Amino acid sequence: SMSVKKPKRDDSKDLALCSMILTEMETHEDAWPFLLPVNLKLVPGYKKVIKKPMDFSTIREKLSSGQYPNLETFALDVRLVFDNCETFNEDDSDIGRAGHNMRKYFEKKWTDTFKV
Ligand SMILES: Cc1cn(CCn2cnc(-c3ccccc3)c2-c2ccc(C#N)cc2)nn1
C-alpha cells in the first residue's frame, strides 16, 4: 500500500529472456501453424470464430517494439496462440497436435526461466 512496498523480483532481464523463449518457439519443428497470421481467405471460419487472433510473428513485432508492459502480458499472447488453436482445431489433427506440443514446450521454458 502507500509507502509499503513488497520486495519485487528483478525484471531487468525479462526482455532478453522472453526474446530467447520466442526464438526457441520460432525454430521448433512444430511451429509451422503459428509462424504467421492466419490467412482469412484460406481459412473459412477463422474470422468470425477467433475474436483475438495471434501468431508468433505478431508477438515478435510487439516484443521488438515495446508493446509488452511486462512478462505476463507476453505469456498471455503466447497462450492465446495455443488457446485459439484448440478452439479451432481437433486435438487429433496435425495442427491440433502441434499446438499441444508447442504449449507444453513453452510452459516448461516459462517455468524453468522465471519460476527459478
Ligand atoms: C498462413 C495461412 C496458411 N493457411 C492455410 C493452412 N492453415 C489452415 N489452418 C491453419 C491454422 C488454423 C488455426 C490456427 C493456426 C493455423 C493454417 C495455417 C495458418 C498459419 C500458418 C503459418 N504460418 C500455417 C497454417 N492459413 N493461413
# chains A, B, ... in the order shown; residues from 1 in each chain; ligands from 1
$ residues_around --residues "residue A:55" --least-positions-apart "5" --cutoff "7 Å" --atoms "only C-alpha atoms" --output "PyMOL selection string"
chain A and resi 34-37+81
$ select_by_dssp --residues "stretch 1-87 of chain A" --states "alpha helix (DSSP H)" --output "PyMOL selection string"
chain A and resi 14-26+46-49+56-64+71-87
$ residues_around --residues "stretch 105-111 of chain A" --least-positions-apart "5" --cutoff "12 Å" --atoms "only C-alpha atoms" --output "number ranges by chain"
A: 14, 17-31, 71-72, 74-79, 81-82, 98-100, 116
$ residues_near_ligand --ligand "ligand 1" --cutoff "7 Å" --atoms "only C-alpha atoms and all ligand atoms" --output "PyMOL selection string"
chain A and resi 32-40+42-43+84-85+88-89+95
$ atom_distance --atom1 "atom CA of residue A:54" --atom2 "atom CA of residue A:12"
26.0 Å
$ atom_distance --atom1 "atom CA of residue A:44" --atom2 "atom CA of residue A:92"
19.4 Å
$ decode --residues "stretch 103-115 of chain A" --atoms "N, CA, C and O atoms" --output "PDB file, in the first residue's frame"
ATOM      1  N   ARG A 103       2.550 -25.766 -26.725  1.00  0.00           N
ATOM      2  CA  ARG A 103       2.137 -25.287 -25.419  1.00  0.00           C
ATOM      3  C   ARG A 103       2.999 -25.941 -24.327  1.00  0.00           C
ATOM      4  O   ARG A 103       3.529 -25.251 -23.488  1.00  0.00           O
ATOM      5  N   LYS A 104       3.173 -27.261 -24.394  1.00  0.00           N
ATOM      6  CA  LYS A 104       3.972 -27.985 -23.400  1.00  0.00           C
ATOM      7  C   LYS A 104       5.408 -27.472 -23.420  1.00  0.00           C
ATOM      8  O   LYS A 104       6.031 -27.211 -22.385  1.00  0.00           O
ATOM      9  N   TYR A 105       5.919 -27.288 -24.638  1.00  0.00           N
ATOM     10  CA  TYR A 105       7.254 -26.794 -24.821  1.00  0.00           C
ATOM     11  C   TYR A 105       7.446 -25.395 -24.183  1.00  0.00           C
ATOM     12  O   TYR A 105       8.467 -25.145 -23.468  1.00  0.00           O
ATOM     13  N   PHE A 106       6.495 -24.509 -24.455  1.00  0.00           N
ATOM     14  CA  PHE A 106       6.526 -23.145 -23.906  1.00  0.00           C
ATOM     15  C   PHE A 106       6.478 -23.168 -22.390  1.00  0.00           C
ATOM     16  O   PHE A 106       7.261 -22.464 -21.709  1.00  0.00           O
ATOM     17  N   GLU A 107       5.539 -23.916 -21.838  1.00  0.00           N
ATOM     18  CA  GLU A 107       5.295 -23.811 -20.416  1.00  0.00           C
ATOM     19  C   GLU A 107       6.488 -24.286 -19.571  1.00  0.00           C
ATOM     20  O   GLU A 107       6.717 -23.757 -18.475  1.00  0.00           O
ATOM     21  N   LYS A 108       7.196 -25.322 -20.047  1.00  0.00           N
ATOM     22  CA  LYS A 108       8.410 -25.788 -19.386  1.00  0.00           C
ATOM     23  C   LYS A 108       9.477 -24.679 -19.445  1.00  0.00           C
ATOM     24  O   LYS A 108      10.144 -24.391 -18.444  1.00  0.00           O
ATOM     25  N   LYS A 109       9.645 -24.046 -20.608  1.00  0.00           N
ATOM     26  CA  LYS A 109      10.613 -22.946 -20.677  1.00  0.00           C
ATOM     27  C   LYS A 109      10.238 -21.806 -19.753  1.00  0.00           C
ATOM     28  O   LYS A 109      11.093 -21.217 -19.079  1.00  0.00           O
ATOM     29  N   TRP A 110       8.949 -21.514 -19.703  1.00  0.00           N
ATOM     30  CA  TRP A 110       8.428 -20.466 -18.833  1.00  0.00           C
ATOM     31  C   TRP A 110       8.728 -20.709 -17.384  1.00  0.00           C
ATOM     32  O   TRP A 110       9.303 -19.842 -16.712  1.00  0.00           O
ATOM     33  N   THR A 111       8.363 -21.897 -16.895  1.00  0.00           N
ATOM     34  CA  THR A 111       8.631 -22.307 -15.521  1.00  0.00           C
ATOM     35  C   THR A 111      10.126 -22.348 -15.217  1.00  0.00           C
ATOM     36  O   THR A 111      10.591 -21.839 -14.187  1.00  0.00           O
ATOM     37  N   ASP A 112      10.891 -22.960 -16.109  1.00  0.00           N
ATOM     38  CA  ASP A 112      12.338 -23.052 -15.897  1.00  0.00           C
ATOM     39  C   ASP A 112      13.049 -21.700 -15.839  1.00  0.00           C
ATOM     40  O   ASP A 112      14.039 -21.529 -15.098  1.00  0.00           O
ATOM     41  N   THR A 113      12.560 -20.755 -16.629  1.00  0.00           N
ATOM     42  CA  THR A 113      13.217 -19.463 -16.815  1.00  0.00           C
ATOM     43  C   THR A 113      12.839 -18.482 -15.718  1.00  0.00           C
ATOM     44  O   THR A 113      13.682 -17.724 -15.238  1.00  0.00           O
ATOM     45  N   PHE A 114      11.573 -18.485 -15.327  1.00  0.00           N
ATOM     46  CA  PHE A 114      11.059 -17.455 -14.425  1.00  0.00           C
ATOM     47  C   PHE A 114      10.567 -17.965 -13.076  1.00  0.00           C
ATOM     48  O   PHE A 114      10.476 -17.184 -12.138  1.00  0.00           O
ATOM     49  N   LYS A 115      10.229 -19.248 -12.985  1.00  0.00           N
ATOM     50  CA  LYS A 115       9.932 -19.878 -11.696  1.00  0.00           C
ATOM     51  C   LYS A 115      11.212 -20.549 -11.209  1.00  0.00           C
ATOM     52  O   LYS A 115      11.261 -21.768 -11.016  1.00  0.00           O
TER      53      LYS A 115
END
